[PDB]
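Enquirer: Next comes final_31.cif, mmCIF, C-alpha atoms and all ligand atoms:
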```
data_protein
loop_
_atom_site.label_atom_id
_atom_site.label_comp_id
_atom_site.auth_asym_id
_atom_site.auth_seq_id
_atom_site.Cartn_x
_atom_site.Cartn_y
_atom_site.Cartn_z
CA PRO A 3 3.57 -25.61 13.29
CA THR A 4 5.25 -23.56 10.53
CA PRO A 5 6.55 -20.12 11.56
CA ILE A 6 4.48 -17.46 9.80
CA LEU A 7 4.15 -13.69 9.61
CA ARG A 8 0.70 -12.55 8.45
CA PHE A 9 -0.60 -9.14 7.42
CA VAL A 10 -3.35 -7.39 5.48
CA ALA A 11 -2.47 -4.82 2.79
CA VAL A 12 -5.34 -2.42 2.06
CA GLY A 13 -5.25 0.73 -0.04
CA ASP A 14 -7.43 3.69 -0.87
CA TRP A 15 -9.95 3.04 1.95
CA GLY A 16 -10.35 6.69 3.02
CA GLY A 17 -14.13 7.05 3.01
CA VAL A 18 -15.64 10.43 2.12
CA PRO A 19 -15.61 13.94 3.69
CA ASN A 20 -19.40 14.19 3.84
CA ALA A 21 -21.59 12.29 6.26
CA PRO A 22 -21.54 9.46 7.15
CA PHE A 23 -17.77 9.80 6.32
CA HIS A 24 -17.51 6.28 4.89
CA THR A 25 -18.83 4.40 1.87
CA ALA A 26 -20.60 1.06 1.64
CA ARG A 27 -17.38 -0.29 0.13
CA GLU A 28 -15.21 0.88 3.03
CA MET A 29 -17.55 -0.74 5.57
CA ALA A 30 -17.66 -4.03 3.65
CA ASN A 31 -13.87 -4.16 3.63
CA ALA A 32 -13.70 -3.29 7.33
CA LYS A 33 -16.13 -6.17 7.98
CA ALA A 34 -14.27 -8.54 5.63
CA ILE A 35 -10.84 -7.66 7.03
CA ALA A 36 -12.24 -8.34 10.51
CA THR A 37 -13.46 -11.79 9.40
CA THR A 38 -10.05 -12.67 7.92
CA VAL A 39 -8.23 -11.51 11.07
CA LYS A 40 -10.66 -13.41 13.28
CA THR A 41 -10.36 -16.67 11.32
CA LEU A 42 -6.73 -16.55 10.10
CA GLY A 43 -4.90 -13.93 12.14
CA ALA A 44 -2.95 -10.80 11.34
CA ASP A 45 0.18 -9.47 13.00
CA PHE A 46 -0.44 -6.01 11.46
CA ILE A 47 -2.23 -4.11 8.72
CA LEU A 48 -0.45 -2.16 5.98
CA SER A 49 -2.21 0.89 4.55
CA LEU A 50 -1.14 1.70 0.99
CA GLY A 51 -2.34 5.31 1.18
CA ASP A 52 -5.19 7.62 0.27
CA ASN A 53 -6.26 7.34 3.88
CA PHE A 54 -8.75 10.26 4.00
CA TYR A 55 -10.65 11.31 0.84
CA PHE A 56 -10.62 13.75 -0.75
CA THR A 57 -8.21 16.28 0.85
CA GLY A 58 -6.76 14.44 3.85
CA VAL A 59 -6.94 15.96 7.35
CA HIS A 60 -6.15 19.46 8.58
CA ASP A 61 -4.40 18.60 11.88
CA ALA A 62 -3.87 15.71 14.26
CA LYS A 63 -7.18 16.46 15.99
CA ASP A 64 -9.23 16.26 12.78
CA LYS A 65 -12.52 14.45 13.42
CA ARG A 66 -12.04 12.38 10.26
CA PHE A 67 -9.51 10.22 12.18
CA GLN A 68 -12.41 8.87 14.28
CA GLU A 69 -15.20 9.24 11.70
CA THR A 70 -13.40 7.55 8.76
CA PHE A 71 -10.77 5.34 10.49
CA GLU A 72 -11.26 4.50 14.20
CA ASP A 73 -15.06 4.02 14.14
CA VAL A 74 -14.93 2.17 10.81
CA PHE A 75 -12.30 -0.46 11.68
CA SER A 76 -13.83 -1.10 15.08
CA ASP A 77 -15.01 -4.72 14.93
CA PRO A 78 -13.80 -6.79 17.91
CA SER A 79 -11.18 -8.90 16.10
CA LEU A 80 -9.47 -5.75 14.72
CA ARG A 81 -9.37 -3.68 17.87
CA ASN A 82 -5.70 -4.01 18.84
CA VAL A 83 -4.09 -4.95 15.48
CA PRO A 84 -1.33 -2.42 14.68
CA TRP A 85 -1.50 -0.38 11.48
CA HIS A 86 1.57 0.74 9.56
CA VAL A 87 0.68 3.67 7.32
CA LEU A 88 2.03 5.66 4.36
CA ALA A 89 0.54 8.60 2.47
CA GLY A 90 -1.16 8.97 -0.89
CA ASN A 91 -1.87 11.97 -3.10
CA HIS A 92 -5.18 12.92 -1.50
CA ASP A 93 -3.50 12.83 1.92
CA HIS A 94 -0.87 15.25 0.62
CA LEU A 95 -3.49 17.75 -0.52
CA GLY A 96 -4.14 18.00 3.23
CA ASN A 97 -1.80 17.83 6.21
CA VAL A 98 0.45 14.75 6.20
CA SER A 99 2.41 15.94 9.25
CA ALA A 100 -0.93 15.60 11.08
CA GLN A 101 -1.18 11.92 10.13
CA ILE A 102 2.35 11.37 11.40
CA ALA A 103 1.59 13.22 14.68
CA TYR A 104 -1.59 11.14 15.07
CA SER A 105 0.70 8.15 15.83
CA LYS A 106 1.10 9.60 19.34
CA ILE A 107 -2.68 9.84 19.90
CA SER A 108 -3.85 6.40 18.67
CA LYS A 109 -1.94 3.32 19.83
CA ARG A 110 -2.60 1.19 16.73
CA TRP A 111 -1.75 3.96 14.21
CA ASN A 112 1.96 3.81 13.27
CA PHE A 113 3.29 6.46 10.84
CA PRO A 114 6.57 7.87 12.22
CA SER A 115 7.70 9.84 9.17
CA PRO A 116 6.90 10.09 5.44
CA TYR A 117 9.18 7.15 4.67
CA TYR A 118 10.80 4.61 6.96
CA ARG A 119 11.87 1.00 7.44
CA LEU A 120 10.03 -1.81 9.19
CA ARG A 121 11.81 -4.92 10.49
CA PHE A 122 10.17 -8.18 11.53
CA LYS A 123 11.21 -11.61 12.73
CA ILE A 124 8.98 -14.48 11.68
CA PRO A 125 8.04 -15.85 15.12
CA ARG A 126 9.78 -19.08 16.19
CA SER A 127 12.46 -18.68 13.48
CA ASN A 128 15.56 -16.63 12.65
CA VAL A 129 13.93 -15.62 9.34
CA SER A 130 13.66 -11.85 8.98
CA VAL A 131 11.50 -9.49 6.91
CA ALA A 132 12.13 -5.86 5.99
CA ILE A 133 9.40 -3.58 4.62
CA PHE A 134 10.39 -0.15 3.27
CA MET A 135 7.45 2.25 3.39
CA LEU A 136 7.88 5.00 0.79
CA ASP A 137 6.24 8.35 0.19
CA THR A 138 5.79 8.25 -3.57
CA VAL A 139 4.16 11.69 -3.56
CA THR A 140 7.16 13.56 -2.17
CA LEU A 141 9.40 11.46 -4.47
CA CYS A 142 7.43 11.94 -7.74
CA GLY A 143 4.99 14.82 -7.20
CA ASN A 144 1.33 15.03 -6.16
CA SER A 145 -0.88 13.82 -9.00
CA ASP A 146 -3.71 16.08 -7.79
CA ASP A 147 -1.41 19.12 -8.36
CA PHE A 148 -1.81 18.62 -12.12
CA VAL A 149 -4.77 18.62 -14.50
CA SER A 150 -3.27 15.41 -15.93
CA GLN A 151 -3.72 13.79 -12.49
CA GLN A 152 -0.20 12.27 -13.02
CA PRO A 153 2.79 13.06 -10.75
CA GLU A 154 4.62 15.22 -13.24
CA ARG A 155 7.41 16.50 -10.96
CA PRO A 156 8.13 16.72 -7.21
CA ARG A 157 7.20 19.79 -5.17
CA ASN A 158 10.63 19.82 -3.54
CA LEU A 159 13.68 18.46 -5.35
CA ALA A 160 15.88 18.09 -2.24
CA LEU A 161 13.25 15.95 -0.48
CA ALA A 162 12.89 13.70 -3.55
CA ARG A 163 16.65 13.26 -4.05
CA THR A 164 17.03 12.62 -0.30
CA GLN A 165 14.41 9.84 -0.30
CA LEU A 166 15.84 8.15 -3.38
CA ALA A 167 19.33 8.22 -1.86
CA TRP A 168 17.89 6.64 1.30
CA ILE A 169 16.12 3.87 -0.66
CA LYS A 170 19.31 3.15 -2.62
CA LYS A 171 21.41 2.95 0.55
CA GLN A 172 18.90 0.84 2.49
CA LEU A 173 18.27 -1.61 -0.35
CA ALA A 174 22.01 -2.12 -0.87
CA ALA A 175 22.63 -2.77 2.82
CA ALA A 176 19.52 -4.85 3.59
CA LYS A 177 20.40 -8.35 4.82
CA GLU A 178 16.88 -9.58 5.58
CA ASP A 179 15.62 -12.87 4.17
CA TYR A 180 12.64 -11.07 2.62
CA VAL A 181 12.56 -7.42 1.45
CA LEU A 182 9.28 -5.72 0.59
CA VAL A 183 8.85 -2.16 -0.66
CA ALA A 184 5.53 -0.30 -0.41
CA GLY A 185 4.29 2.99 -1.86
CA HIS A 186 1.02 4.57 -2.90
CA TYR A 187 1.78 4.91 -6.64
CA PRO A 188 2.18 1.80 -8.84
CA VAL A 189 5.23 0.74 -10.75
CA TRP A 190 3.09 -1.35 -13.12
CA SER A 191 -0.70 -1.18 -13.41
CA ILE A 192 -3.11 -1.84 -16.27
CA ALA A 193 -5.85 0.39 -14.85
CA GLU A 194 -6.91 4.05 -14.83
CA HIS A 195 -3.62 5.70 -13.75
CA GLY A 196 -1.33 2.94 -15.08
CA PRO A 197 2.44 2.81 -14.56
CA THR A 198 4.18 5.67 -12.74
CA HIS A 199 7.06 6.70 -14.98
CA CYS A 200 8.89 8.28 -12.02
CA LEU A 201 8.91 4.87 -10.27
CA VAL A 202 9.52 2.81 -13.44
CA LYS A 203 12.54 5.02 -14.14
CA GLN A 204 14.01 5.49 -10.63
CA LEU A 205 12.70 2.78 -8.28
CA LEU A 206 12.35 -0.34 -10.44
CA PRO A 207 16.09 -0.71 -11.30
CA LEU A 208 16.79 -0.67 -7.55
CA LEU A 209 14.13 -3.33 -6.89
CA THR A 210 15.79 -5.53 -9.52
CA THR A 211 19.43 -4.85 -8.57
CA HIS A 212 18.85 -5.58 -4.88
CA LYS A 213 16.61 -8.63 -5.21
CA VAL A 214 13.46 -7.20 -3.60
CA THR A 215 10.73 -9.81 -3.17
CA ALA A 216 7.73 -7.63 -4.08
CA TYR A 217 6.53 -4.03 -4.48
CA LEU A 218 3.14 -3.26 -2.87
CA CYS A 219 0.94 -0.32 -3.86
CA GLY A 220 -2.57 0.99 -4.33
CA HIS A 221 -3.62 4.22 -6.14
CA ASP A 222 -5.46 2.37 -8.94
CA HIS A 223 -8.84 1.40 -7.46
CA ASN A 224 -8.82 -2.36 -8.15
CA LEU A 225 -6.88 -5.57 -7.38
CA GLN A 226 -3.91 -6.70 -9.48
CA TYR A 227 -1.04 -9.14 -9.30
CA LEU A 228 1.81 -8.58 -11.79
CA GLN A 229 5.17 -10.36 -12.09
CA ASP A 230 8.16 -9.72 -14.35
CA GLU A 231 10.50 -12.12 -16.13
CA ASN A 232 12.83 -12.17 -13.09
CA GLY A 233 10.12 -13.10 -10.61
CA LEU A 234 9.75 -9.68 -8.98
CA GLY A 235 6.17 -9.39 -7.70
CA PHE A 236 3.79 -6.41 -7.87
CA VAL A 237 0.85 -6.55 -5.42
CA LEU A 238 -1.66 -3.78 -6.17
CA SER A 239 -4.38 -3.48 -3.48
CA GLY A 240 -6.26 -0.22 -3.93
CA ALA A 241 -9.87 -1.37 -3.55
CA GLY A 242 -10.81 -0.41 0.03
CA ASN A 243 -13.29 2.32 -0.97
CA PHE A 244 -13.68 2.38 -4.79
CA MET A 245 -13.77 -0.06 -7.74
CA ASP A 246 -12.68 1.25 -11.15
CA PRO A 247 -12.99 -1.36 -13.95
CA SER A 248 -10.66 0.66 -16.22
CA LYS A 249 -8.05 -1.17 -18.30
CA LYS A 250 -6.95 2.04 -20.06
CA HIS A 251 -3.23 1.26 -19.52
CA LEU A 252 -3.23 -2.44 -20.42
CA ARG A 253 -0.87 -1.91 -23.38
CA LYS A 254 1.49 0.21 -21.25
CA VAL A 255 2.53 -2.83 -19.15
CA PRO A 256 5.01 -5.27 -20.81
CA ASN A 257 3.34 -8.38 -22.29
CA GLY A 258 2.77 -11.22 -19.83
CA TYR A 259 3.40 -9.16 -16.67
CA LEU A 260 -0.30 -9.10 -15.77
CA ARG A 261 -1.12 -12.30 -13.88
CA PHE A 262 -4.42 -11.30 -12.21
CA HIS A 263 -6.86 -8.38 -12.26
CA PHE A 264 -10.22 -7.80 -10.57
CA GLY A 265 -12.01 -4.50 -11.16
CA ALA A 266 -15.74 -5.29 -11.49
CA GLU A 267 -17.69 -2.07 -11.03
CA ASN A 268 -20.46 -3.85 -9.10
CA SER A 269 -18.03 -5.40 -6.60
CA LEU A 270 -17.63 -3.96 -3.12
CA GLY A 271 -13.81 -4.10 -3.43
CA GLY A 272 -11.30 -6.11 -1.46
CA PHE A 273 -7.75 -6.39 -0.14
CA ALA A 274 -4.63 -8.58 -0.07
CA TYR A 275 -3.63 -11.12 2.59
CA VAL A 276 0.11 -11.85 2.82
CA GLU A 277 1.63 -14.88 4.57
CA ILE A 278 5.43 -15.19 4.89
CA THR A 279 7.05 -18.45 6.08
CA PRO A 280 10.70 -19.59 6.03
CA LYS A 281 9.89 -21.21 2.68
CA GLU A 282 7.74 -18.73 0.72
CA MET A 283 5.71 -15.53 0.61
CA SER A 284 2.06 -16.15 -0.29
CA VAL A 285 -0.42 -13.51 -1.41
CA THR A 286 -4.17 -14.09 -1.43
CA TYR A 287 -6.59 -11.55 -2.88
CA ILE A 288 -9.87 -11.44 -0.96
CA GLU A 289 -13.03 -9.67 -2.18
CA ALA A 290 -15.06 -7.66 0.35
CA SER A 291 -17.67 -10.43 -0.10
CA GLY A 292 -15.24 -12.81 1.64
CA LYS A 293 -14.30 -14.93 -1.38
CA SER A 294 -10.72 -15.67 -2.43
CA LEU A 295 -10.12 -14.43 -5.96
CA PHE A 296 -6.48 -15.34 -6.59
CA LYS A 297 -3.49 -16.80 -4.81
CA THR A 298 0.16 -16.88 -5.69
CA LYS A 299 3.45 -17.68 -4.01
CA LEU A 300 6.84 -15.97 -4.30
CA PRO A 301 9.82 -18.16 -3.30
CA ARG A 302 12.42 -17.22 -0.75
CA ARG A 303 15.84 -16.30 -2.13
CA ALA A 304 18.99 -17.50 -0.35
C1 LIG A 401 -0.55 20.14 10.36
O1 LIG A 401 -0.85 19.34 11.49
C2 LIG A 401 0.06 19.57 12.57
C3 LIG A 401 -0.19 18.49 13.61
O2 LIG A 401 -1.52 18.49 14.10
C4 LIG A 401 -0.12 21.00 13.07
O3 LIG A 401 0.85 21.21 14.09
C5 LIG A 401 0.18 21.82 15.21
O4 LIG A 401 0.06 23.20 14.99
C6 LIG A 401 -0.53 23.95 16.08
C7 LIG A 401 0.39 25.12 16.36
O5 LIG A 401 1.13 25.52 15.22
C8 LIG A 401 -0.81 23.08 17.32
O6 LIG A 401 -2.05 22.40 17.15
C9 LIG A 401 0.30 22.09 17.67
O7 LIG A 401 1.24 22.70 18.55
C10 LIG A 401 1.03 21.58 16.43
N1 LIG A 401 1.36 20.17 16.57
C11 LIG A 401 2.51 19.64 16.13
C12 LIG A 401 2.68 18.17 16.34
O8 LIG A 401 3.37 20.33 15.59
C13 LIG A 401 0.11 21.98 11.93
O9 LIG A 401 -0.24 23.31 12.32
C14 LIG A 401 -0.74 21.62 10.71
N2 LIG A 401 -0.40 22.47 9.58
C15 LIG A 401 -1.32 23.04 8.79
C16 LIG A 401 -0.78 23.88 7.67
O10 LIG A 401 -2.52 22.89 8.97
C1 LIG A 402 18.83 -20.02 11.19
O1 LIG A 402 17.85 -20.91 11.69
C2 LIG A 402 17.70 -22.11 10.92
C3 LIG A 402 16.57 -22.88 11.57
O2 LIG A 402 16.18 -24.01 10.81
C4 LIG A 402 19.01 -22.89 10.89
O3 LIG A 402 18.86 -23.92 9.92
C5 LIG A 402 20.20 -22.01 10.52
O4 LIG A 402 21.40 -22.71 10.81
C6 LIG A 402 20.20 -20.68 11.28
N1 LIG A 402 21.24 -19.81 10.76
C7 LIG A 402 22.33 -19.47 11.45
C8 LIG A 402 22.43 -20.02 12.84
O5 LIG A 402 23.19 -18.73 10.98
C1 LIG A 403 2.14 23.68 -9.24
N1 LIG A 403 2.41 23.33 -10.63
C2 LIG A 403 1.21 22.77 -11.23
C3 LIG A 403 1.34 22.63 -12.75
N2 LIG A 403 2.39 22.91 -13.49
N3 LIG A 403 2.14 22.67 -14.77
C4 LIG A 403 3.07 22.86 -15.88
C5 LIG A 403 0.89 22.21 -14.91
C6 LIG A 403 0.15 21.81 -16.05
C7 LIG A 403 -1.16 21.37 -15.89
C8 LIG A 403 -1.74 21.31 -14.62
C9 LIG A 403 -1.02 21.71 -13.50
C10 LIG A 403 0.31 22.16 -13.65
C1 LIG A 404 -2.65 4.07 -22.18
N1 LIG A 404 -2.60 5.52 -22.13
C2 LIG A 404 -1.21 5.96 -22.19
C3 LIG A 404 -1.16 7.48 -22.16
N2 LIG A 404 -0.85 8.25 -23.17
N3 LIG A 404 -0.91 9.53 -22.81
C4 LIG A 404 -0.62 10.65 -23.69
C5 LIG A 404 -1.29 9.63 -21.52
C6 LIG A 404 -1.49 10.74 -20.65
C7 LIG A 404 -1.89 10.53 -19.33
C8 LIG A 404 -2.07 9.22 -18.85
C9 LIG A 404 -1.85 8.13 -19.70
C10 LIG A 404 -1.47 8.33 -21.04
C1 LIG A 405 -14.27 -7.90 -13.67
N1 LIG A 405 -13.07 -7.07 -13.66
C2 LIG A 405 -11.95 -7.97 -13.56
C3 LIG A 405 -11.95 -8.94 -14.73
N2 LIG A 405 -11.90 -8.61 -16.00
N3 LIG A 405 -11.93 -9.70 -16.77
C4 LIG A 405 -11.88 -9.71 -18.22
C5 LIG A 405 -11.99 -10.80 -15.98
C6 LIG A 405 -12.04 -12.19 -16.28
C7 LIG A 405 -12.11 -13.12 -15.24
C8 LIG A 405 -12.13 -12.70 -13.90
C9 LIG A 405 -12.08 -11.33 -13.60
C10 LIG A 405 -12.01 -10.38 -14.65
CL CL A 406 3.27 8.79 -14.59
FE FE A 407 -7.16 6.50 -4.40
FE FE A 408 -4.31 7.94 -5.23
NA NA A 409 0.11 18.54 2.27
#
```
Let's see the structure in the file written out as structure tokens.
Expert:
Amino acid sequence: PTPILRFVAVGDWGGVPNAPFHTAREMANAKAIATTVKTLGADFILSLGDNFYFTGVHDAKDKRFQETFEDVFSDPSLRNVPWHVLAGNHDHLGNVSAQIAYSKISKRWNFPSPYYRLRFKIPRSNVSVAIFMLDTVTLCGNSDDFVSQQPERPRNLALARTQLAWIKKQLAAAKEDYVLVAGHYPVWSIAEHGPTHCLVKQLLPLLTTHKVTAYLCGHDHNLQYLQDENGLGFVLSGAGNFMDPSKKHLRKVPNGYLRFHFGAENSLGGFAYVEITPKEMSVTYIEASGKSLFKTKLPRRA
């Protein structure tokens, strides 16, 4: 066969704080992710943040971990698939240290620190993949701290500077055949929040300079694929719980960058399915109904 690494990227799936602690959308995506894993396989699942609506969890023993996560994603095919997690703005209104500590309670939950590096070998090959999981809230500010619901400035300047220095160092030294970067906030998005100026200003030049394959995010509650004139990809998968049809920020993205968008208000949402082989990275957007909406490939760089 062809060596392949496969994973699901889902964002903004965090249910609700009132009973039954999930939405119809979250359950449809849990069912649809289970079908994809059953039929096509997943080595892991990437959460793009906003893991517990609307104010996160209060400590590692918070019931929401079982009510909104464990019990929800409980279908047989999903039961032992590892999750690699980062935080969104609603998580940061609550206790993010609790979500990190929860890694030692639940085997499949992996969240060792606010930001960190993942390394993978495509099985049966020497081809390698690095994913850098970012905390865009501590870097840019918590959008929910502001009436604008934009991340206007970071809560702690040292922590922000420290993370940016780490990204810069890691991206310059990364030797892997594929490099992905993931964060809750978008770089580009046509939808209700739109582009994050903090990330456009500070992260995007690093993605370009160091030849990153793609940036993955959620935060806007819809599905988008964007690509710039250099081939850098932007996978936005933020439709695990909510579907916002907004195109408020369409004119804030450079012309031609938007290659796909799905935001239908009546849809149950969806997620992204990533396949990386020694020849290409493929991304398939899958609606909670099971249907494939869009597929695109990003070539390997030598
Ligand atoms: C955030 O969550 C962490 C982790 O659950 C809490 O840390 C716990 O705090 C109390 C004692 O201070 C005990 O339950 C444990 O000894 C602590 N666990 C760890 C891993 O440190 C922390 O108190 C929470 N913070 C807030 C503000 O709620
Ligand atoms: C990596 O593995 C591929 C397998 O096709 C091989 O072509 C290449 O020589 C290897 N690179 C090395 C050994 O540096
Ligand atoms: C903790 N700081 C919050 C804050 N600062 N500023 C200037 C604001 C303006 C509008 C809404 C919220 C804020
Ligand atoms: C397409 N809308 C661009 C825009 N202009 N302004 C003043 C904003 C304030 C908050 C969020 C977005 C915007
Ligand atoms: C329905 N929300 C996403 C969406 N907007 N538009 C104008 C589309 C056209 C074709 C396929 C999908 C879409
Ligand atoms: Cl912004
Ligand atoms: Fe969200
Ligand atoms: Fe968010
Ligand atoms: Na917090």
Enquirer: How many Å separate CA of residue 255 (chain A) from CA of residue 207 (chain A)?
Expert: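 For CA of residue 255 (chain A) relative to CA of residue 207 (chain A), the distance reads 15.8 Å.
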Enquirer: Do you know which residues are within 6 Å of ligand FE 407 (chain A) using all atoms listed in the file? Can you write them as a VMD selection string?
Expert: chain A and resid 14 52 221
Enquirer: With C-alpha atoms retained, could you export that selection as a compact mmCIF listing (two decimals), in the coordinates of the input?
Expert:
```txt
# COMPACT_ATOMS: atom_id res chain seq x y z
CA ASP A 14 -7.43 3.69 -0.87
CA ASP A 52 -5.19 7.62 0.27
CA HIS A 221 -3.62 4.22 -6.14
```
Enquirer: Extract, using all atoms listed in the file, all DNA, RNA and protein residues at most 7 Å from region 187-191 of chain A, discarding same-chain residues fewer than 4 positions from it, and format them as a VMD selection string.
Expert: chain A and resid 138 196 to 198 201 to 202 219 to 221 255
Enquirer: Would you compute the distance between atom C1 of ligand LIG 405 (chain A) and CA of residue 186 (chain A)? Give it in Å to one decimal.
Expert: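 These two atoms are separated by 22.5 Å.
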Enquirer: Here is a test: counting only C-alpha atoms and all ligand atoms, which residue of A:125, A:153, A:301, A:43 is nearest to ligand LIG 404 (chain A)?
Expert: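 Using only C-alpha atoms and all ligand atoms, ligand LIG 404 (chain A) sits closest to A:153.
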Enquirer: When distances are computed from all atoms listed in the file, which of A:244, A:236, A:134, A:111 shows the smallest separation from residue 263 (chain A)?
Expert: A:236
Enquirer: Restricting the calculation to only C-alpha atoms and all ligand atoms, which member of A:33, A:261, A:195, A:299 is positioned closest to ligand LIG 404 (chain A)?
Expert: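 The answer is A:195, which sits nearest to ligand LIG 404 (chain A).
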Enquirer: Kindly give the distance, in Å, that separates CA of residue 46 (chain A) and CA of residue 86 (chain A), rounded to a single decimal.
Expert: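 These two atoms are separated by 7.3 Å.
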Enquirer: Taking 2 positions as the minimum chain separation for residues in the same chain, which residues sit within 7 Å of residue 133 (chain A) when counting only C-alpha atoms? Answer as an MDAnalysis selection string.
Expert: chainID A and resid 119:121 131 135 181:183
Enquirer: Step by step, measure atom-to-atom distances between ligand NA 409 (chain A) and each residue using all atoms listed in the file, keep those at most 9 Å, then write them as a PyMOL selection string.
Expert: chain A and resi 57-58+60+91-99
Enquirer: When distances are computed from all atoms listed in the file, which of A:161, A:83, A:278, A:149 shows the smallest separation from ligand LIG 403 (chain A)?
Expert: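 Using all atoms listed in the file, the shortest distance to ligand LIG 403 (chain A) belongs to A:149.
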Enquirer: Nearest to residue 152 (chain A) among A:222, A:72, A:282, A:45, with distances taken over only C-alpha atoms: which residue is it?
Expert: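 Smallest distance to residue 152 (chain A) is found for A:222.
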Enquirer: Residues within 9 Å of ligand LIG 403 (chain A) (only C-alpha atoms and all ligand atoms), as a PyMOL selection string?
Expert: chain A and resi 146-151+154-155+157
Enquirer: Kindly export the residues of the current selection with C-alpha atoms, as a CSV table (one decimal), in the frame of the given file.
Expert:
```
chain,number,residue,atom,x,y,z
A,146,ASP,CA,-3.7,16.1,-7.8
A,147,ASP,CA,-1.4,19.1,-8.4
A,148,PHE,CA,-1.8,18.6,-12.1
A,149,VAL,CA,-4.8,18.6,-14.5
A,150,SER,CA,-3.3,15.4,-15.9
A,151,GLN,CA,-3.7,13.8,-12.5
A,154,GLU,CA,4.6,15.2,-13.2
A,155,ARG,CA,7.4,16.5,-11.0
A,157,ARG,CA,7.2,19.8,-5.2
```
Enquirer: Under the rule that all atoms listed in the file are counted, which of A:184, A:200, A:245, A:173 is the nearest residue to residue 213 (chain A)?
Expert: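 For residue 213 (chain A), the nearest of the given residues is A:173.
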